[PDB]
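Shown next, in structure tokens, is the structure this report addresses.
Indexing begins at 1, ligand by ligand and atom by atom, following the structure's order. The first residue of the sequence shown is numbered 1, and numbering continues consecutively from there.
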Amino acid sequence: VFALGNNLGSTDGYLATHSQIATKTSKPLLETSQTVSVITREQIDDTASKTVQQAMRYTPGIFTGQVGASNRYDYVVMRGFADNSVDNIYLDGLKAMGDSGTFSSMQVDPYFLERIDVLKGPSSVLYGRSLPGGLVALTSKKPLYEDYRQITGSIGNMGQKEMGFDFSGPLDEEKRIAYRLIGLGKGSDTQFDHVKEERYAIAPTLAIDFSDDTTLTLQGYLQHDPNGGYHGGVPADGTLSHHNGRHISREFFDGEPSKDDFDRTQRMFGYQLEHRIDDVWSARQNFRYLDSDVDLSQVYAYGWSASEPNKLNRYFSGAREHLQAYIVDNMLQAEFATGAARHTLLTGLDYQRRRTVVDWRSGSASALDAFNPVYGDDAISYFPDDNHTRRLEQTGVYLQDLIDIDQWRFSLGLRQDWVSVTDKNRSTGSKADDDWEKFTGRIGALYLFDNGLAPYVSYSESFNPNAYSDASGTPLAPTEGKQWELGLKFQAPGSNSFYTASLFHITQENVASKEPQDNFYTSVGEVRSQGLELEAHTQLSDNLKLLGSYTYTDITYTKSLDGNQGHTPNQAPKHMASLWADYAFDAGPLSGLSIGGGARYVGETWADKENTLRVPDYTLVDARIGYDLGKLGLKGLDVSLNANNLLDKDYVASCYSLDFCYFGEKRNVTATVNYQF
Ligand SMILES: O=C1CCC(=O)N(O)CCCCCNC(=O)CCC(=O)N(O)CCCCCN1
Ligand SMILES: O=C1CCC(=O)N(O)CCCCCNC(=O)CCC(=O)N(O)CCCCCN1
Ligand SMILES: O=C1CCC(=O)N(O)CCCCCNC(=O)CCC(=O)N(O)CCCCCN1
Ligand SMILES: [Fe+3]
């Protein structure tokens with residue numbers, strides 16, 4: 001059993017029935033007064049999904065183009081909140097613990113994942129520090145109690161190759177002890193000249209039942225990315241328009257092949273202890289330690305040379321980083337009745353402690369011709385080194401009551417947080433030391449009709465430490481999100497279909513803002529995001545699987561000192577939609593064959609905060625072919641072929657500014673072989 005900290009749903013095709021993302025305790029999606037999406041293991045594979053970021057490319061309210069084709073980090077823009085989008089990821093109930101103010105942001109390979117859960121809007125009441133768009137919860141693969149052995153191989157264009165294996169099963173005659181061990185190797189060239197991606201990772205897991213009342217799960221995850229692909233951008237001039245009559249290629253490398261390194265070693269171990277006391281009382285401890293090394297050498301373009309017609313000015317960034325982080329979550333849940341009301345009452349205490357030691361170097365590099373470049377002129381003019389030790393501590397105390405009474409489903413949550421953040425400029429010897437406490441709350445109400453219709457309303461709050469500091473060097477007040485949400489959910493009790501609509505209004509406060517004149521920030525900015533999401537998961541037969549989505553997002557700087565009080569953030573499409581279908585032939589000559597694909601639409605986005613032109617809209621097509629050769633008498637063998645961006649469209653996915661625009665991925669074609677023993 002054991003609802004606390006577990007999804008416990010069911011899954012069929014692309015549709016999950018339950019999640020714990022919104023509650024830290026298993027709850028049907030239909031009875032949860034929040035917007036929750038679930039991306040199934042099957043959805044990841046069918047779409048040939050290569051990262052967490054890309055796996056959401058079919059999910060409403062999520063923009064997946066912040067840095068275009070780059071795969072170095074998972075940038076998850078939620079409900080138009082692009083800033084700190086790298087810090088939205090949770091793994092097995094615990095904040096991932098990257099430091100978004102450094103290069104040490106972690107990435108979880110999808111091959112280790114069983115599910116991806118997406119919670120929209122402010123959600124600090126259960127998690128502490130987080131962004132106003134929502135958050136993403138990855139659920140790792142766990143030991144199975146029956147033997148499972150899979151081997152997979154993939155090959156593609158762009159020099160892609162990959163190997164994985166996934167073995168699981170019980171170790172004891174009684175099936176109280178089970179393991180899973182997963183490993184993988186991969187490599188890629190990318191559309192971009194002279195770039196490599198490469199990764200090696202292994203994940204051991206051990207599960208032990210001390211009895212029916214107690215389970216301990218032991219986890220390891222060790223990952224080495226000796227190369228980091230491409231993580232650059234080029235000027236809008238001449239990507240979005242011609243530059244002296246020519247266009248920059250989508251394969252252009254703005255760096256120096258002799259000085260382009262990204263080495264990230266991420267080492268994690270942890271455990272989850274599950275103890276049932278009573279049919280009433282349950283307790284859980286989730287724990288994870290992280291230790292990572294990141295090494296970076298990057299020459300990048302930054303604007304056009306003022307003197308040399310078709311050359312870009314270039315600069316150099318260098319970094320060596322060591323990140324350490326501890327996270328524990330202590331949960332105690334009471335399940336009990338009080339007359340007609342059934343209560344699910346949760347109390348928790350969590351603790352985050354992080355230290356990041358960063359030695360940064362920078363300088364000026366030679367200009368580079370943006371059309372027919374000559375590489376090799378790699379001398380750097382160094383700027384002053386900039387060395388820091390960064391520390392963060394977060395202690396949270398939270399309370400939640402899920403109250404079900406007749407057809408009502410209510411949610412009440414409160415959390416008090418103590419945050420301490422410090423930054424020792426180790427070059428200068430100075431230290432910024434700041435302590436804060438924040439109170440956050442959430443209240444939800446949903447009415448469940450007996451046909452599977454569920455209207456609901458939600459109010460929810462969030463906070464995040466401010467990345468900026470004021471006229472005295474003291475960091476500003478944490479930013480704050482507040483959200484009103486209205487929704488409607490529908491599942492016909494027969495069907496394997498599910499439909500939702502969500503209407504949202506998010507206000508974000510204490511955003512840093514200053515007049516262009518000034519060098520100092522004040523916490524007087526405000527941002528508002530409002531809109532509508534529609535999501536459809538259908539099975540119209542036991543062969544035909546559907547997904548669809550529509551997103552309308554109106555985000556605006558409602559208060560700014562910098563001239564921008566009235567503008568729309570860049571990297572924030574007003575309109576998005578997507579649709580994916582998969583058809584499996586199940587009897588007859590074609591049996592064992594599967595066919596699939598889909599299309600996703602992103603509306604225009606602004607290239608800059610100043611709003612001076614648009615990044616055009618784009619429509620991409622995906623397609624798939626699978627064949628289970630077991631149907632030809634070799635059981636456990638299946639093969640598939642995938643193509644994303646099937647029409648090979650050449651587009652800018654987005655721009656962070658007028659200097660930095662990113663290309664979308666060209667067609668990515670994959671062939672996969674899966675064999676179970
Ligand atoms: O370590 C760093 C920041 C991290 C970074 O920049 N990465 O690229 C790594 C990925 C983490 C976040 C994704 N990027 C952003 O959120 C854009 C940040 C931005 O606007 N800047 O100007 C840069 C910040 C100035 C200091 C530069 N040094
Ligand atoms: O140069 C720095 C510090 C180094 C750094 O932060 N790097 O990422 C490495 C080099 C950036 C190259 C372009 N990177 C992108 O366009 C992705 C977004 C991003 O990462 N930014 O930092 C946005 C601003 C980058 C310019 C200002 N800051
Ligand atoms: O304002 C700051 C700190 C805030 C920050 O880092 N932002 O990104 C603010 C978001 C608006 C700017 C969008 N992007 C760019 O201008 C490109 C690279 C970048 O991001 N820079 O900051 C380098 C610009 C120098 C600005 C001075 N430093
Ligand atoms: Fe950067």
- Say whether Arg72 and ligand 1 are in contact under the criterion: heavy-atom distance to a ligand atom below 4.0 Å.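 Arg72: no contact with ligand 1 (<4.0 Å).
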Within a distance under 4.0 Å of any heavy atom of [X], pick out the atoms of ligand 1 and give their elements.
X	result
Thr102	1 (O), 4 (C), 9 (C), 11 (C)
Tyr73	9 (C), 10 (C)
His231	8 (O)

- Can you name the residues that form a salt bridge (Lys or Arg N to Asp or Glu O under 4.0 Å) with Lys95, not counting sequence neighbours?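 So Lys95 forms no salt bridge (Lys or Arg N to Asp or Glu O under 4.0 Å) with any residue.
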- Message: For a quick check: using heavy atoms under 4.0 Å, what are the residues in contact with ligand 3, sorted by chain and number?
- Response: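 Residues near ligand 3: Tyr468, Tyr521, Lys609, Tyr656, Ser657, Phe660.
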- Using a cut-off of 6.0 Å, state whether more than 12 heavy atoms not belonging to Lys649 lie near its atom NZ.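 Check passes, neighbour count above 12.
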- Message: Is it the case that the ring center of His231 lies less than 6.0 angstrom away from the ring center of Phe262?
- Response: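 Not under 6.0 Å, so no.
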- Task: Would you check if the distance from the ring center of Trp606 to the ring center of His567 is below 6.0 Å?
- Result: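 No: the rings miss the under 6.0 Å criterion.
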- Item | Mutual orientation of the aromatic rings belonging to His243 and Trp304 [parallel < 30°, tilted 30-60°, perpendicular > 60°] |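 Parallel.
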- Task: Indicate the ring-plane relationship of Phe383 and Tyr315, choosing parallel, tilted or perpendicular according to the 30° and 60° boundaries.
- Result: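 Judged by the thresholds at 30° and 60°, the geometry between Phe383 and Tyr315 is tilted.
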- Considering residues at least two apart in sequence or located in another chain, which fulfil the ring-ring contact (aromatic ring centres under 6.0 Å, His included) criterion with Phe463?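 Once residues adjacent in sequence are excluded, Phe463 has no partner under the ring-ring contact (aromatic ring centres under 6.0 Å, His included) criterion.
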- Mind checking ring-ring contact (aromatic ring centres under 6.0 Å, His included) for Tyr111 and listing every partner two or more places apart, or none if nothing turns up?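 None.
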